[PDB]
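So this one's coords-v5.cif, mmCIF, C-alpha atoms:
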data_model
loop_
_atom_site.group_PDB
_atom_site.id
_atom_site.type_symbol
_atom_site.label_atom_id
_atom_site.label_comp_id
_atom_site.auth_asym_id
_atom_site.auth_seq_id
_atom_site.Cartn_x
_atom_site.Cartn_y
_atom_site.Cartn_z
ATOM 1 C CA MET A 1 -18.321 78.244 22.410
ATOM 2 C CA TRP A 2 -16.655 75.311 24.298
ATOM 3 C CA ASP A 3 -13.740 74.200 22.061
ATOM 4 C CA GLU A 4 -13.071 73.178 18.425
ATOM 5 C CA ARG A 5 -10.555 70.363 17.781
ATOM 6 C CA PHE A 6 -7.749 70.913 15.208
ATOM 7 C CA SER A 7 -8.368 67.873 12.911
ATOM 8 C CA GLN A 8 -4.651 67.070 12.231
ATOM 9 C CA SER A 9 -5.385 63.306 12.173
ATOM 10 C CA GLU A 10 -5.787 62.401 8.464
ATOM 11 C CA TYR A 11 -6.606 58.838 7.353
ATOM 12 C CA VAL A 12 -6.188 58.078 3.629
ATOM 13 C CA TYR A 13 -8.201 54.886 3.066
ATOM 14 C CA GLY A 14 -6.060 51.782 2.349
ATOM 15 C CA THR A 15 -7.943 50.514 -0.730
ATOM 16 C CA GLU A 16 -6.532 49.008 -3.990
ATOM 17 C CA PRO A 17 -6.841 51.670 -6.851
ATOM 18 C CA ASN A 18 -9.750 50.525 -9.121
ATOM 19 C CA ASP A 19 -10.919 51.718 -12.578
ATOM 20 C CA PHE A 20 -14.784 51.718 -12.623
ATOM 21 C CA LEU A 21 -15.763 50.977 -8.964
ATOM 22 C CA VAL A 22 -14.212 54.230 -7.501
ATOM 23 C CA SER A 23 -16.587 56.523 -9.548
ATOM 24 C CA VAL A 24 -19.700 54.809 -8.137
ATOM 25 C CA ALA A 25 -18.043 54.842 -4.630
ATOM 26 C CA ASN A 26 -17.546 58.641 -5.098
ATOM 27 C CA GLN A 27 -21.366 58.758 -5.675
ATOM 28 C CA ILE A 28 -22.216 56.535 -2.640
ATOM 29 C CA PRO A 29 -22.656 58.401 0.790
ATOM 30 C CA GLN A 30 -19.804 57.567 3.301
ATOM 31 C CA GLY A 31 -22.333 55.968 5.747
ATOM 32 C CA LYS A 32 -24.342 52.715 6.068
ATOM 33 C CA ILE A 33 -24.344 51.098 2.574
ATOM 34 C CA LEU A 34 -26.672 48.199 1.718
ATOM 35 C CA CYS A 35 -25.256 45.648 -0.772
ATOM 36 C CA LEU A 36 -27.615 43.132 -2.456
ATOM 37 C CA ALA A 37 -26.965 39.387 -3.132
ATOM 38 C CA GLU A 38 -24.187 38.884 -5.755
ATOM 39 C CA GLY A 39 -21.754 36.010 -6.604
ATOM 40 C CA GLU A 40 -18.918 38.528 -6.015
ATOM 41 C CA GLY A 41 -19.597 40.495 -2.800
ATOM 42 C CA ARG A 42 -15.840 41.375 -2.988
ATOM 43 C CA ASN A 43 -17.034 44.887 -4.046
ATOM 44 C CA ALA A 44 -18.730 45.219 -0.592
ATOM 45 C CA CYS A 45 -15.387 44.849 1.305
ATOM 46 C CA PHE A 46 -13.805 47.357 -1.183
ATOM 47 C CA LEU A 47 -16.457 49.928 -0.171
ATOM 48 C CA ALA A 48 -15.750 49.071 3.530
ATOM 49 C CA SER A 49 -11.959 49.803 3.086
ATOM 50 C CA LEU A 50 -13.089 53.257 1.919
ATOM 51 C CA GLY A 51 -13.988 53.872 5.648
ATOM 52 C CA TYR A 52 -17.692 53.244 4.892
ATOM 53 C CA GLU A 53 -19.937 51.026 7.134
ATOM 54 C CA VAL A 54 -21.050 48.396 4.562
ATOM 55 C CA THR A 55 -23.968 46.016 5.258
ATOM 56 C CA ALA A 56 -24.104 43.155 2.666
ATOM 57 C CA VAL A 57 -27.097 40.892 1.839
ATOM 58 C CA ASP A 58 -26.903 37.481 0.223
ATOM 59 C CA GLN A 59 -29.635 34.786 0.061
ATOM 60 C CA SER A 60 -26.691 32.311 0.472
ATOM 61 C CA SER A 61 -24.208 32.094 3.424
ATOM 62 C CA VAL A 62 -21.352 31.342 0.922
ATOM 63 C CA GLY A 63 -21.454 34.994 -0.347
ATOM 64 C CA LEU A 64 -21.814 36.484 3.169
ATOM 65 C CA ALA A 65 -18.948 34.470 4.786
ATOM 66 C CA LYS A 66 -16.626 35.325 1.815
ATOM 67 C CA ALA A 67 -17.472 39.086 2.086
ATOM 68 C CA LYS A 68 -16.950 38.887 5.897
ATOM 69 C CA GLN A 69 -13.647 36.934 5.395
ATOM 70 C CA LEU A 70 -12.199 39.672 3.116
ATOM 71 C CA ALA A 71 -13.479 42.233 5.690
ATOM 72 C CA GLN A 72 -11.343 40.935 8.615
ATOM 73 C CA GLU A 73 -8.383 40.338 6.209
ATOM 74 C CA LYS A 74 -8.667 43.986 4.984
ATOM 75 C CA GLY A 75 -9.106 45.361 8.566
ATOM 76 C CA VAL A 76 -12.702 46.505 7.898
ATOM 77 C CA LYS A 77 -16.277 45.705 9.031
ATOM 78 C CA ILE A 78 -19.319 44.297 7.138
ATOM 79 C CA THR A 79 -22.850 43.836 8.603
ATOM 80 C CA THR A 80 -23.985 40.347 7.458
ATOM 81 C CA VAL A 81 -27.673 40.246 6.315
ATOM 82 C CA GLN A 82 -29.265 36.964 5.146
ATOM 83 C CA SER A 83 -32.385 38.216 3.356
ATOM 84 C CA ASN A 84 -34.354 37.774 0.144
ATOM 85 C CA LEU A 85 -35.053 40.196 -2.746
ATOM 86 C CA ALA A 86 -38.808 39.225 -2.731
ATOM 87 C CA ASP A 87 -39.366 40.153 1.028
ATOM 88 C CA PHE A 88 -36.437 42.237 2.455
ATOM 89 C CA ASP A 89 -33.959 43.687 -0.038
ATOM 90 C CA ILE A 90 -33.528 47.508 0.010
ATOM 91 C CA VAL A 91 -35.202 49.736 2.666
ATOM 92 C CA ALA A 92 -33.751 53.312 2.432
ATOM 93 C CA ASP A 93 -35.918 54.129 5.528
ATOM 94 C CA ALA A 94 -33.955 51.645 7.753
ATOM 95 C CA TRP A 95 -30.617 52.160 5.899
ATOM 96 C CA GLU A 96 -28.742 55.353 4.820
ATOM 97 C CA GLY A 97 -27.143 54.415 1.470
ATOM 98 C CA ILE A 98 -27.477 51.505 -1.031
ATOM 99 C CA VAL A 99 -25.280 49.704 -3.615
ATOM 100 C CA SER A 100 -26.904 47.080 -5.902
ATOM 101 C CA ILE A 101 -24.234 45.229 -7.962
ATOM 102 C CA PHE A 102 -25.793 43.880 -11.273
ATOM 103 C CA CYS A 103 -29.016 42.034 -10.371
ATOM 104 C CA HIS A 104 -28.896 38.358 -11.510
ATOM 105 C CA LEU A 105 -32.529 37.233 -10.925
ATOM 106 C CA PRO A 106 -35.048 35.008 -12.901
ATOM 107 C CA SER A 107 -38.382 36.670 -13.975
ATOM 108 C CA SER A 108 -39.929 35.646 -10.583
ATOM 109 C CA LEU A 109 -37.506 37.615 -8.294
ATOM 110 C CA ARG A 110 -36.670 40.114 -11.106
ATOM 111 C CA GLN A 111 -40.278 41.452 -11.459
ATOM 112 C CA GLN A 112 -40.288 41.516 -7.591
ATOM 113 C CA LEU A 113 -37.029 43.571 -7.441
ATOM 114 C CA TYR A 114 -37.632 46.466 -9.978
ATOM 115 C CA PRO A 115 -40.761 47.823 -7.973
ATOM 116 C CA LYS A 116 -38.494 47.533 -4.832
ATOM 117 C CA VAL A 117 -35.817 49.789 -6.451
ATOM 118 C CA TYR A 118 -38.541 52.193 -7.632
ATOM 119 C CA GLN A 119 -40.577 52.429 -4.365
ATOM 120 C CA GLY A 120 -38.132 50.944 -1.787
ATOM 121 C CA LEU A 121 -34.921 52.711 -2.928
ATOM 122 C CA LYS A 122 -35.310 56.369 -1.904
ATOM 123 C CA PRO A 123 -32.533 58.732 -3.356
ATOM 124 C CA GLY A 124 -29.000 57.998 -1.981
ATOM 125 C CA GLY A 125 -28.354 54.501 -3.293
ATOM 126 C CA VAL A 126 -26.594 53.542 -6.557
ATOM 127 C CA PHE A 127 -27.779 50.793 -8.959
ATOM 128 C CA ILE A 128 -24.778 49.294 -10.802
ATOM 129 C CA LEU A 129 -25.911 47.259 -13.838
ATOM 130 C CA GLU A 130 -23.642 45.645 -16.430
ATOM 131 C CA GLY A 131 -25.922 43.980 -18.978
ATOM 132 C CA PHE A 132 -25.034 41.892 -22.022
ATOM 133 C CA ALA A 133 -26.150 41.799 -25.712
ATOM 134 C CA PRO A 134 -28.435 38.926 -27.115
ATOM 135 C CA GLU A 135 -25.286 37.997 -29.162
ATOM 136 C CA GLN A 136 -23.252 37.452 -25.874
ATOM 137 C CA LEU A 137 -24.384 33.963 -24.605
ATOM 138 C CA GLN A 138 -24.400 32.965 -28.346
ATOM 139 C CA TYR A 139 -20.549 33.463 -28.354
ATOM 140 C CA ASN A 140 -20.598 30.207 -26.239
ATOM 141 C CA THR A 141 -18.129 31.912 -23.844
ATOM 142 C CA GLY A 142 -20.608 31.450 -20.983
ATOM 143 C CA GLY A 143 -24.112 32.005 -19.668
ATOM 144 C CA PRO A 144 -26.218 31.812 -16.413
ATOM 145 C CA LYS A 145 -28.975 29.745 -18.199
ATOM 146 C CA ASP A 146 -30.489 31.782 -21.048
ATOM 147 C CA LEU A 147 -30.380 35.323 -22.603
ATOM 148 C CA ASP A 148 -33.540 35.940 -20.537
ATOM 149 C CA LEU A 149 -31.204 36.595 -17.527
ATOM 150 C CA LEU A 150 -29.488 39.442 -19.505
ATOM 151 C CA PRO A 151 -30.632 42.790 -17.914
ATOM 152 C CA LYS A 152 -30.817 45.217 -20.932
ATOM 153 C CA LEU A 153 -31.181 49.100 -21.036
ATOM 154 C CA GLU A 154 -34.698 48.656 -22.557
ATOM 155 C CA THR A 155 -35.969 46.965 -19.368
ATOM 156 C CA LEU A 156 -33.792 48.562 -16.639
ATOM 157 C CA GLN A 157 -34.077 52.283 -17.542
ATOM 158 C CA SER A 158 -37.861 51.827 -18.358
ATOM 159 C CA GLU A 159 -38.564 50.454 -14.828
ATOM 160 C CA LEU A 160 -36.674 53.356 -13.119
ATOM 161 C CA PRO A 161 -37.681 56.890 -14.511
ATOM 162 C CA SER A 162 -37.222 58.051 -10.864
ATOM 163 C CA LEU A 163 -33.638 56.752 -10.665
ATOM 164 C CA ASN A 164 -32.162 58.808 -13.563
ATOM 165 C CA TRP A 165 -28.874 57.197 -14.643
ATOM 166 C CA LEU A 166 -25.476 58.990 -14.756
ATOM 167 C CA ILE A 167 -24.325 56.221 -17.192
ATOM 168 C CA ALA A 168 -26.617 54.671 -19.889
ATOM 169 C CA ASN A 169 -24.463 53.492 -22.862
ATOM 170 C CA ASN A 170 -23.149 50.382 -24.721
ATOM 171 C CA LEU A 171 -19.480 49.692 -23.703
ATOM 172 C CA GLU A 172 -17.328 47.145 -25.644
ATOM 173 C CA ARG A 173 -14.907 44.764 -23.826
ATOM 174 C CA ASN A 174 -12.485 42.320 -25.559
ATOM 175 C CA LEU A 175 -12.751 38.614 -24.550
ATOM 176 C CA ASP A 176 -9.520 36.617 -23.837
ATOM 177 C CA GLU A 177 -8.382 35.422 -27.342
ATOM 178 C CA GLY A 178 -6.238 36.272 -30.392
ATOM 179 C CA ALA A 179 -7.392 33.663 -32.949
ATOM 180 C CA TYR A 180 -10.850 34.745 -34.253
ATOM 181 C CA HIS A 181 -9.798 38.495 -34.100
ATOM 182 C CA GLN A 182 -13.522 39.147 -33.289
ATOM 183 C CA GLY A 183 -13.714 37.580 -29.796
ATOM 184 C CA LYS A 184 -15.125 40.800 -28.312
ATOM 185 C CA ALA A 185 -18.204 41.466 -26.122
ATOM 186 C CA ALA A 186 -21.088 43.864 -26.643
ATOM 187 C CA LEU A 187 -21.928 45.084 -23.103
ATOM 188 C CA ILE A 188 -24.012 47.911 -21.602
ATOM 189 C CA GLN A 189 -23.451 49.777 -18.292
ATOM 190 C CA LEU A 190 -25.824 51.752 -16.022
ATOM 191 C CA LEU A 191 -25.025 53.859 -12.946
ATOM 192 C CA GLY A 192 -28.105 55.038 -11.066
ATOM 193 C CA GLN A 193 -27.522 57.790 -8.460
ATOM 194 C CA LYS A 194 -29.467 60.125 -6.106
ATOM 195 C CA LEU A 195 -30.657 63.052 -8.246
ATOM 196 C CA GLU A 196 -29.157 66.300 -6.846
ATOM 197 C CA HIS A 197 -31.042 67.699 -9.872
ATOM 198 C CA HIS A 198 -34.862 67.385 -9.496
ATOM 199 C CA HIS A 199 -36.982 66.448 -12.571
ATOM 200 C CA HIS A 200 -36.953 69.770 -14.484
ATOM 201 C CA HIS A 201 -40.533 71.037 -15.257
ATOM 202 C CA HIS A 202 -43.211 73.638 -14.304
#

Please go through the file and, once you have read it, give me the structure as structure tokens.
Amino acid sequence: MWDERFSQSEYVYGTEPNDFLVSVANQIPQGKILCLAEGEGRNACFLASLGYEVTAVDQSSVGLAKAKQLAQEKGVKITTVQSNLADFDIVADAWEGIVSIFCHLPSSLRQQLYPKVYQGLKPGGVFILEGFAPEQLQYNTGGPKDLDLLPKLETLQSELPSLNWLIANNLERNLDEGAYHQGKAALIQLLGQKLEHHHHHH
């Protein structure tokens, strides 16, 4: 036996302490992590400051350049992919790990994406979905276009019986007010993870 190095050199990862996003990061493998297109790819650079090699996709250069900007500013590396969720999205054969921050897609790209997370995502990527209630866009607080673009547990969990979810529950969050005393939000959260437990049967 040649020699074994005494690993005295620690490196605690300089990352801002976060509530939700650190649990999913604890689930994600510390290797090559594929992020999908999202209006806030800020989460990608967070995962990179964890010492992880993060490769981010966005169909727009505005998301990629912003993720890559925060990378250099945080002293970390992204791999910038300009790809499309109907053609090249998530390939767990080419990549090692995956993170998919809540999929905002119309029925066209949406019904393209769910078969890609079923077949294309092999175990070792996490699907992070924060959906909204049909009462949410009706609050007139905001909306992408229509309550159609709200990804709900009914749809998401049904399309992924392979990707069993660590989190599948309705979580309430208060909206910024103190007048109506009922300016709250009915939300739902999903964390898909690689099953260390196989589907239990005989």

Distance in Å - CA of residue 127 in chain A versus CA of residue 24 in chain A: 9.1 Å

Determine, using all atoms listed in the file, which residues of range 18-106 of chain A have any atom at most 12 Å from an atom of range 154-170 of chain A, and tabulate each with its shortest atom pair and distance in Å to one decimal place, rows ordered by chain and then rising number, as a Markdown table.
| residue | atom | partner | partner_atom | distance |
| --- | --- | --- | --- | --- |
| A:20 | CA | A:167 | CA | 11.5 |
| A:23 | CA | A:166 | CA | 10.6 |
| A:24 | CA | A:166 | CA | 9.7 |
| A:27 | CA | A:166 | CA | 10.0 |
| A:102 | CA | A:156 | CA | 10.7 |
| A:103 | CA | A:156 | CA | 10.2 |

Hits of the PyMOL selection byres ((chain A and resi 107) around 12) in this structure, as a PyMOL selection string: chain A and resi 86+103-106+108-114+146-151+155

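Nearest to residue 13 in chain A of all the residues A:125, A:29, A:116, A:74 is A:74, counting all atoms listed in the file.
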
What does the distance between CA of residue 130 in chain A and CA of residue 190 in chain A come to in Å, to one decimal place? 6.5 Å

The PyMOL selection byres ((chain A and resi 33) around 10) applied to the shown file, residues as a compact mmCIF listing (two decimals) with C-alpha atoms, in the coordinates of the input:
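To be explicit, this is the file written out as selection-v7.txt:
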# COMPACT_ATOMS: atom_id res chain seq x y z
CA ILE A 28 -22.22 56.54 -2.64
CA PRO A 29 -22.66 58.40 0.79
CA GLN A 30 -19.80 57.57 3.30
CA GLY A 31 -22.33 55.97 5.75
CA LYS A 32 -24.34 52.72 6.07
CA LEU A 34 -26.67 48.20 1.72
CA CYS A 35 -25.26 45.65 -0.77
CA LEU A 36 -27.62 43.13 -2.46
CA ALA A 44 -18.73 45.22 -0.59
CA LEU A 47 -16.46 49.93 -0.17
CA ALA A 48 -15.75 49.07 3.53
CA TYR A 52 -17.69 53.24 4.89
CA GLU A 53 -19.94 51.03 7.13
CA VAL A 54 -21.05 48.40 4.56
CA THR A 55 -23.97 46.02 5.26
CA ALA A 56 -24.10 43.16 2.67
CA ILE A 78 -19.32 44.30 7.14
CA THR A 79 -22.85 43.84 8.60
CA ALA A 92 -33.75 53.31 2.43
CA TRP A 95 -30.62 52.16 5.90
CA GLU A 96 -28.74 55.35 4.82
CA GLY A 97 -27.14 54.42 1.47
CA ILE A 98 -27.48 51.50 -1.03
CA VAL A 99 -25.28 49.70 -3.62
CA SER A 100 -26.90 47.08 -5.90
CA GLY A 124 -29.00 58.00 -1.98
CA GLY A 125 -28.35 54.50 -3.29
CA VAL A 126 -26.59 53.54 -6.56

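Candidate residues A:19, A:84, A:180, A:119 were compared for distance to residue 139 in chain A, and the nearest is A:180, using only C-alpha atoms.
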
Any chance you could work out the residue set of the PyMOL selection byres ((chain A and resi 15) around 8) here, as number ranges by chain? A: 13-14, 16-17, 46, 49-50

Dump as a ChimeraX atom specification all residues having an atom at most 12 Å from (-10.6, 39.2, 3.8), computed in the file's coordinates with all atoms listed in the file. /A:41-46,48-49,64-78

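Ranking A:62, A:199, A:101, A:51 by their shortest atom-to-atom distance to residue 129 in chain A, with all atoms listed in the file included, puts A:101 first.
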
Padding 8 Å on every side, please: axis-aligned box over the listed atoms of range 53-70 of chain A, centre and edge lengths to one decimal in Å, as lines of an AutoDock Vina configuration file.
center_x = -20.9
center_y = 41.2
center_z = 3.4
size_x = 33.4
size_y = 35.7
size_z = 23.5

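CA of residue 39 in chain A sits 19.6 Å away from CA of residue 87 in chain A.
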
Your completed range 48-77 of chain A with N, CA and C atoms, as an mmCIF file, in the frame of the given file:
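Dumped to selection_29.cif:
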data_model
loop_
_atom_site.group_PDB
_atom_site.id
_atom_site.type_symbol
_atom_site.label_atom_id
_atom_site.label_comp_id
_atom_site.auth_asym_id
_atom_site.auth_seq_id
_atom_site.Cartn_x
_atom_site.Cartn_y
_atom_site.Cartn_z
ATOM 1 N N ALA A 48 -16.045 49.030 2.089
ATOM 2 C CA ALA A 48 -15.750 49.071 3.530
ATOM 3 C C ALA A 48 -14.339 49.627 3.816
ATOM 4 N N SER A 49 -13.342 49.271 2.964
ATOM 5 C CA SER A 49 -11.959 49.803 3.086
ATOM 6 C C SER A 49 -11.864 51.276 2.714
ATOM 7 N N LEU A 50 -12.953 51.816 2.158
ATOM 8 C CA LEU A 50 -13.089 53.257 1.919
ATOM 9 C C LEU A 50 -13.525 53.999 3.209
ATOM 10 N N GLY A 51 -13.575 53.283 4.364
ATOM 11 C CA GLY A 51 -13.988 53.872 5.648
ATOM 12 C C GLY A 51 -15.499 53.903 5.831
ATOM 13 N N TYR A 52 -16.224 53.264 4.901
ATOM 14 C CA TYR A 52 -17.692 53.244 4.892
ATOM 15 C C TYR A 52 -18.192 52.000 5.667
ATOM 16 N N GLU A 53 -19.308 52.143 6.403
ATOM 17 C CA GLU A 53 -19.937 51.026 7.134
ATOM 18 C C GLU A 53 -20.861 50.252 6.175
ATOM 19 N N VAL A 54 -20.350 49.155 5.606
ATOM 20 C CA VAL A 54 -21.050 48.396 4.562
ATOM 21 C C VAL A 54 -21.792 47.201 5.175
ATOM 22 N N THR A 55 -23.075 47.100 4.849
ATOM 23 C CA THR A 55 -23.968 46.016 5.258
ATOM 24 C C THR A 55 -24.388 45.222 4.006
ATOM 25 N N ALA A 56 -23.916 43.971 3.883
ATOM 26 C CA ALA A 56 -24.104 43.155 2.666
ATOM 27 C C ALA A 56 -25.206 42.107 2.869
ATOM 28 N N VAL A 57 -26.085 41.952 1.867
ATOM 29 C CA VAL A 57 -27.097 40.892 1.839
ATOM 30 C C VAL A 57 -26.614 39.816 0.874
ATOM 31 N N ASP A 58 -26.901 38.564 1.200
ATOM 32 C CA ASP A 58 -26.903 37.481 0.223
ATOM 33 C C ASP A 58 -27.886 36.424 0.711
ATOM 34 N N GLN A 59 -28.662 35.865 -0.229
ATOM 35 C CA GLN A 59 -29.635 34.786 0.061
ATOM 36 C C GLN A 59 -28.908 33.465 0.441
ATOM 37 N N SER A 60 -27.587 33.436 0.178
ATOM 38 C CA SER A 60 -26.691 32.311 0.472
ATOM 39 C C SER A 60 -25.609 32.756 1.480
ATOM 40 N N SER A 61 -25.240 31.846 2.397
ATOM 41 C CA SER A 61 -24.208 32.094 3.424
ATOM 42 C C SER A 61 -22.797 32.083 2.809
ATOM 43 N N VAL A 62 -22.642 31.419 1.643
ATOM 44 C CA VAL A 62 -21.352 31.342 0.922
ATOM 45 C C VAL A 62 -20.843 32.746 0.498
ATOM 46 N N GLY A 63 -21.780 33.618 0.072
ATOM 47 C CA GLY A 63 -21.454 34.994 -0.347
ATOM 48 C C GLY A 63 -21.144 35.896 0.843
ATOM 49 N N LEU A 64 -21.931 35.712 1.917
ATOM 50 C CA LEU A 64 -21.814 36.484 3.169
ATOM 51 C C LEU A 64 -20.482 36.212 3.890
ATOM 52 N N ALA A 65 -20.180 34.923 4.110
ATOM 53 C CA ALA A 65 -18.948 34.470 4.786
ATOM 54 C C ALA A 65 -17.675 34.889 4.028
ATOM 55 N N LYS A 66 -17.747 34.906 2.685
ATOM 56 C CA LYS A 66 -16.626 35.325 1.815
ATOM 57 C C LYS A 66 -16.393 36.851 1.911
ATOM 58 N N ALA A 67 -17.502 37.616 1.923
ATOM 59 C CA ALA A 67 -17.472 39.086 2.086
ATOM 60 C C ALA A 67 -16.932 39.465 3.483
ATOM 61 N N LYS A 68 -17.336 38.682 4.488
ATOM 62 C CA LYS A 68 -16.950 38.887 5.897
ATOM 63 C C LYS A 68 -15.487 38.445 6.131
ATOM 64 N N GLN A 69 -15.046 37.420 5.378
ATOM 65 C CA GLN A 69 -13.647 36.934 5.395
ATOM 66 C C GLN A 69 -12.682 38.024 4.904
ATOM 67 N N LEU A 70 -13.006 38.598 3.726
ATOM 68 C CA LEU A 70 -12.199 39.672 3.116
ATOM 69 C C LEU A 70 -12.235 40.935 3.989
ATOM 70 N N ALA A 71 -13.329 41.108 4.758
ATOM 71 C CA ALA A 71 -13.479 42.233 5.690
ATOM 72 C C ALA A 71 -12.364 42.214 6.744
ATOM 73 N N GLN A 72 -12.299 41.113 7.507
ATOM 74 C CA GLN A 72 -11.343 40.935 8.615
ATOM 75 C C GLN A 72 -9.890 40.969 8.092
ATOM 76 N N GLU A 73 -9.695 40.401 6.888
ATOM 77 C CA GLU A 73 -8.383 40.338 6.209
ATOM 78 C C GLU A 73 -7.927 41.733 5.713
ATOM 79 N N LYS A 74 -8.902 42.616 5.472
ATOM 80 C CA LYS A 74 -8.667 43.986 4.984
ATOM 81 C C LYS A 74 -8.747 45.010 6.142
ATOM 82 N N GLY A 75 -9.080 44.524 7.359
ATOM 83 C CA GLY A 75 -9.106 45.361 8.566
ATOM 84 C C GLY A 75 -10.354 46.230 8.663
ATOM 85 N N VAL A 76 -11.448 45.746 8.065
ATOM 86 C CA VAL A 76 -12.702 46.505 7.898
ATOM 87 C C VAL A 76 -13.908 45.658 8.314
ATOM 88 N N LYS A 77 -15.052 46.322 8.493
ATOM 89 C CA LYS A 77 -16.277 45.705 9.031
ATOM 90 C C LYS A 77 -17.378 45.625 7.960
#
